[PDB]
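> make a model of this:
(3 chains)
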Amino acid sequence: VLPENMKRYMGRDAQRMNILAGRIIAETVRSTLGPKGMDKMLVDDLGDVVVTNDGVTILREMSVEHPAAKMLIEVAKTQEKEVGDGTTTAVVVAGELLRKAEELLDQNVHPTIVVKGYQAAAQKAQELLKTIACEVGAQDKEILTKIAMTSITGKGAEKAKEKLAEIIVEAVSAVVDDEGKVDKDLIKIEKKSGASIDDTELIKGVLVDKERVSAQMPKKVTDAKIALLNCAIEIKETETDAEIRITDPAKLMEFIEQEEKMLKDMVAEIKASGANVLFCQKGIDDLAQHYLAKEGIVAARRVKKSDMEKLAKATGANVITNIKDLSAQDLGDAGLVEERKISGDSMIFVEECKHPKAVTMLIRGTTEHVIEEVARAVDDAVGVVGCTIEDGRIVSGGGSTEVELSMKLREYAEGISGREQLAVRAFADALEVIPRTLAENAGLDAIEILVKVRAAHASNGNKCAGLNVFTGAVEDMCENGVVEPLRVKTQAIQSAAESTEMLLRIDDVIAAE
Amino acid sequence: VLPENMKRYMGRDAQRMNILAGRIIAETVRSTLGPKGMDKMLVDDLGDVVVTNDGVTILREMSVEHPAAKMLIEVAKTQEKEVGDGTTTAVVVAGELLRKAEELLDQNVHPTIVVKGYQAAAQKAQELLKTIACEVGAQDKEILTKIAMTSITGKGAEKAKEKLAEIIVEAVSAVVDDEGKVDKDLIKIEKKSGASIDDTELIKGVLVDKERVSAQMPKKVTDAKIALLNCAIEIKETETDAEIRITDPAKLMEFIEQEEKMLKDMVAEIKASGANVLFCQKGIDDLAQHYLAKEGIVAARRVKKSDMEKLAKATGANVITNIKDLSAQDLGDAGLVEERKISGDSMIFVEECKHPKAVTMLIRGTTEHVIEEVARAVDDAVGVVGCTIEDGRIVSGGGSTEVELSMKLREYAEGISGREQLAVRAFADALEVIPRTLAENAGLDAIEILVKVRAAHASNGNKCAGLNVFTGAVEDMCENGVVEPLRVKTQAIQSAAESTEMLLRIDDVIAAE
Amino acid sequence: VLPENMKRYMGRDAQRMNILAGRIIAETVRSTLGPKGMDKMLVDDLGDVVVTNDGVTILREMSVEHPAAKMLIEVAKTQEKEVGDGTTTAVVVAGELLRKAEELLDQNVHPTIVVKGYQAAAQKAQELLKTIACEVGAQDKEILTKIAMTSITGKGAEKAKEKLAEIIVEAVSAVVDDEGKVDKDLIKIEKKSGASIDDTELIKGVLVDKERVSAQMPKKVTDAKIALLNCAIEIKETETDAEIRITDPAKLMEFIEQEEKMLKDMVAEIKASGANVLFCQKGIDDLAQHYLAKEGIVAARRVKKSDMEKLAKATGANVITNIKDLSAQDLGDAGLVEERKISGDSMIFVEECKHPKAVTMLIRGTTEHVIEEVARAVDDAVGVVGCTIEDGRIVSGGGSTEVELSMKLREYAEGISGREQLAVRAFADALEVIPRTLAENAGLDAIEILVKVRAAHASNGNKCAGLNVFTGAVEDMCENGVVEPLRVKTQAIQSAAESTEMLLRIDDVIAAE
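Numbering: from 1, shown residues only, chains lettered A, B, ... in the order given. For reference, the structure is listed below:
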């Protein structure tokens, strides 16, 4: 009936294999988690080497077979889309949550009771986080750099978190404009091996990976008047079936000369517009490039639609269809448009925009994998800054949240009573895996840290606690400026608890080959 | 270097595989544990069907490969040798103890800390059991039948535990004599399919699986004078190389007639002894059986040395070497020696011994597997009666001990503190698997039973608690006469904790094919 | 030319593979070393499970292929024969010594220079140990129990080191007699599963694994007069070819009756000797056992020559050839010779000897592997007591020796200078692997311990230092009674350094399949 190779699990075996598959992933990724966490090297079937610490990236790249591990990946991708970071922490706490669910299965607690206490504890956990949430200015320079920096830490880029925090806060502020909505698509991340991270810099405009089409064109244009054409700049022929019908040896020449005039006039109109920089989304015929050079118009063809839009946003250039339609009102401004070589590669830098809606960050470093890690670090840094601008609530780090939750959810458990108290107690205890693996990976005593931190948390509070693995002792995360967006923590609770309830609800898995 | 097929585990994998192997066995056997526990059918490679509930028997018969499961078997065999029953409970509590040890490994509690708390908790656990131990009369008829009956319960033989308790208490009392030392070897267990368990009966003497060697011999002898010869009763020839040297056609006959006289005289001496019943350990030549019939001497040859000893003990017969040496002072007494057929099989019953030191119990029933289960039930029943005679301390059943221990060891844990408190707390909690699986197998609510029983235990005490799965509610095990030997419980703690420490100490296992 | 499967290494590859093979063994065994060291489970191709901590035993049992690892085994067997323990420490320090030799090979230090500094440092190391050696009374009760106890520690038997130290010191004292020479062969180690280690006891005499040959013989004999016969007690026939030549039907009987008289007379002579206990190295014919019973002589046949000698030594019994030669002057004395069953097995205990030259220690415990570990622990305990009786020098433990050596050999290195100083410095540093792995296995900080201990050693001295892993801090090993025989430490230096020089001298290894 069934293909040899097909695997199927059901009842107790489905639940065991699903809890295992999820926790197995969590076991793999948790060794990267934290300031003292390590990195993974995944090399595909072609030799392509991926060196990263990002959990979701590891999950996307690695070869997963079990359906349960594949659903955990979907959770990781949601966390990636929403906030970027906190993916690993979502997997780990979910892995333990399943571990504790297995303890409840060992206790013969019916799956509907387990998920009942989890649903209850998760609802209260959300209320608790919103209660302890510290409100900050959405555009406050200070907290903007504090959120940025704490995000950057635990990465290779932390060594330069000061320059990066400035770059990312400035980049987001430049493109966000009003108060507000933050669109990460407005910040282009360019990465080019060569130099070091000290050379990484923000360019108020757009870095175009194109060259000056003619040797006769200027190499740099100041106070640039930029035009954006989406049509191809070639000798246009009608869509309809047509051909030249020669009537005289003179006319053979008249037709060729006529076509030369057509294309010459086109360029004459571009010049008449006041344009001196031109970007065409489609191709530009060499003959057109020949005429463009005559008027000193610098040009780049075959430009990506994405960059044509970044140019429109940054320069305020208006995309125009017909060259005859191009007017001064369509032209955008750039302080300087200049052709520059970066580690040999010739690019056109459009910089010093008046009021840019797009910004480009050029990342340098000694190796591709280094600038790739920096690219991931700053992607998350921008993400979490956007999270704190849109949602002006932050919370203390160093595991203070999860500890605060385990405190109040333990008392909540006692209030509930019955078999629900067992499930709620298990949920609250599951949250301690994060503080636990933070210290374990830090090389700190797992037991003594957890006892001292919880004691300090209960006595002094959640704004007077958490673990500072940097000095290797319990400290005050809040006063030390160790804070993260509320959204990170609240989204983790929601998605993890609901996807866990799903896994726990599945009692029959059929995996065809 | 190593044969393909060889498996080796080390560090974390050795510890995981060892904890698993042990718990896997515990998972298999725990479904038989308790009054509502089921039975297992193990059929070997020849078709031989073994139907049993005994954990140690299942472990001996089943095909175990993992070295760790093989060491657990050694634990089960120790429990078998010492007390007979309580084997399954030793495996189960040991399996959970490893489960809790794995939790401690998850907590990063160093293996030397885990075994430290276990060693501490086990030392206190022994003191606790000796403290709550209820002292009873070593020869008290009442407690002798109470211990017997509680042992019998949860077996197929429970239906007749009243008749069996009488049989076993009587059997042990008959053979034990002084106060005392109980030797289970003095009670022979005969089992013959046919009839029912109602027909099972104790015979004050020995059931010999032999027949009357001659058709001319009586079928029953009253006030029997029994002789025990270990020599063969045949025409003796010298050890040394010799042969008959004929000198005359007359002498050919004289030699044959001489040999006839020799053997005739031998039997005449047996008769002269006053013997009329004769058991020979070795063979009896037909010619000797011919003369034995002449004097009306009933005889059985090729008797097992073991039964020759049971006959000496029961009848007070004295094993003699030379027939010429056999005297009245060597003869033992039997009220009746009679040849009886049981389901066709002809046996000689030697019964009504004056002061027997050995007794035989004849077990009947509808099937071999039924009388085999009864044979195991009564083996354990005799065992635990012997345990309570030699060690006049008993304790309340229904999981009261293990609960009492988990109560005081939790407070003990708090007194100890440090990381040792974690290990001691884990030990104390591990003991709850027994109450837990008692109720689970009983079809009772695992959670509600454990809560209500512990609440009742703490409030009323250990002589006013435990679970009565028979009515399906927490009751008073002590008042209900539900008690077991102290030795059962104290030996379980010792052997389980020490063998667990061993397993936990092993970090490298090499299993050659 | 060469069989496929044959491996050969030469020059740099021989030296690398040899250093690796040796260090690989050291890497395997060092995880068992120390009070916090673990145990290994080696299961052969038949299923036989060996559970031990002894390095030499692991090496004997495991499947080693590389010739270099096989030579290290020869080193371990020498250490076993001489002192018993300290085998693992010899392998480990030798493994590091090769590691440091590889560093010197990395430095391009010629193999003859490396072994030159090693030979020099080893010569001084011996002088240093003899200099710090603390002289003690060869028969001093106190140090006898202190040496014994420190040997026992780090074993499962440590839990009962107090009872064991008494047993072993008493056992050695009883058999050693004069001052002196200690022969470990005079102490028999009996091990029988059942009971616990608390039941382990020393018996001043010999435990014979035999039974009373006749049911008619006493079960216990007091003030026993023991005879030792090495001849077989059977109807003797001439060596030469002979047979009985019958001449008359009367003579047929006369010959049989004659043989009966012969054997009867033999036993009559044994009785005439005054003997009432008899041990025969060879067989005893049942007919002889029949006559032996007549005079109330208790007997055991087929006795092992080894035990016949232990009986002669303990009881002062004199082995006699002819029964006719047995006299009262040949008889030995035993206060009690009694047949006892231990976990069912019937043995004869010959105890309460007047002036025994042999003693037997009966070891009990919950499992075979437990009493096997105890058997190894007490074997070593007797060994090291014998080492301290014969060589009345001891040294402080806790790595103080090896530290003292690394201190003075570093200054020695500076005195030597040249390239020899590099080799001598490497030797001195290699000695630190023992303190290093003591702390590593103890779960203590490898760096901080080594720094604090060396600082304390240099400041306070070698009688005011070493690591006490039991409290987990640097302490005073000398004042704490933590001492071991000098021989252990000095033999380790000699054998390790000389076998290392050999390995380092080999530059071509041919291993045929």
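
> in terms of secondary structure, what does the strand or helix carrying residue A:130 contact?
Using DSSP states H and E, residue A:130 sits within helix A:111-132. Counting contacts by 3 or more Cβ pairs under 8 Å, 6 or more residues apart in numbering or on different chains; DSSP states H and E, helix A:111-132 packs against helix A:87-106, strand A:393-396, helix A:400-416, helix A:420-430, helix A:486-505. To be clear about C-beta, it is placed using only N, CA and C from the backbone, and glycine gets the same treatment.

> and it, how far from the chain's centre?
A distance of 29 Å separates the centroid of the chain from that of helix A:111-132, by Cα atoms, centre = their mean, to the nearest Å.

> and stretch A:485-495, by the same measure?
16 Å.

> and the closest residue to chain B within the stretch 201-350 of chain A, what does it touch?
Residue nearest to chain B within the stretch 201-350 of chain A: residue A:202 (43.9 Å; Cβ to the nearest Cβ). Residue A:202 sits next to A:167, A:170, A:171, A:359, A:360, A:361, A:362 when contact means Cβ atoms under 8 Å, 6 or more residues apart in numbering or on different chains.

> in what helix or strand does the third one lie?
Residue A:171 is part of helix A:161-176 when elements are defined by DSSP H and E.

> same thing with the last one?
Residue A:362 is located in strand A:359-363, with elements delineated by DSSP H and E.

> just checking, what packs against that strand?
On a contact count with 3+ Cβ pairs under 8 Å, 6+ apart, strand A:359-363 meets helix A:161-176, strand A:187-191, strand A:201-203, strand A:205-208, helix A:368-390.

> residue C:393 is nearest to which of these?
With Cβ to Cβ as the criterion, residue C:393 lies closest to helix A:368-390 of these, at 61.3 Å.

> what comes up buried for stretch A:245-263?
residue A:263 (16 or more other Cβ atoms under 10 Å in any protein chain shown).

> who's in contact with it?
For stretch A:245-263, the surrounding residues in contact (Cβ under 8 Å, 6+ apart) are A:235, A:236, A:244, A:285, A:287, A:288, A:291.

> which ones among those residues are found in helices?
Judged by DSSP state H, the subset of these located in helices is A:287, A:288, A:291.

> close to chain B: what parts of chain A are there?
Residues of chain A lying close to chain B (Cβ under 8 Å from any Cβ of the partner chain) are A:99, A:106, A:107, A:108, A:109, A:419, A:422, A:440, A:446, A:447.

> buried ones among those?
Burial of the residues of chain A next to chain B was assessed by neighbour count (16+ other Cβ under 10 Å); the buried members are A:99, A:107, A:109, A:419, A:422, A:440, A:446, A:447.

> now those residues in TSV, with distance to residue B:210?
Output for those, formatted as TSV (distance: Cβ to Cβ, whole Å):
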residue	distance to residue B:210
A:99	65
A:107	59
A:109	62
A:419	65
A:422	65
A:440	73
A:446	71
A:447	70
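
> now do the end-to-end distance for stretch A:77-95.
One end of stretch A:77-95 to the other measures 16 Å (Cα to Cα, to the nearest Å).

> so which bits of that stretch are buried?
Buried-residue list, stretch A:77-95, by 16+ other Cβ under 10 Å: A:78-80, A:82-95.

> so which of the residues you listed reach chain C?
Among those, proximity to chain C is found for none (Cβ under 8 Å from any Cβ).

> so who does residue A:26 touch?
A:91, A:92, A:94, A:95, A:96.

> how about 6 Å then?
By Cβ atoms under 6 Å, 6 or more residues apart in numbering or on different chains, the residues touching residue A:26 are A:91, A:92, A:95.

> so the closest residue to chain B within the stretch 51-200 of chain A is in which element?
Nearest to chain B, among the residues of the stretch 51-200 of chain A, is residue A:108, at 4.3 Å (Cβ to the nearest Cβ). Under the criterion DSSP H and E, no helix or strand holds residue A:108.

> check contacts around it.
Residue A:108 is in contact with residue B:446, counting by Cβ under 6 Å, 6+ apart.

> that one and residue A:422, how far apart?
Noted for residue A:108: a distance of 10 Å to residue A:422, by Cβ to Cβ, to the nearest Å.
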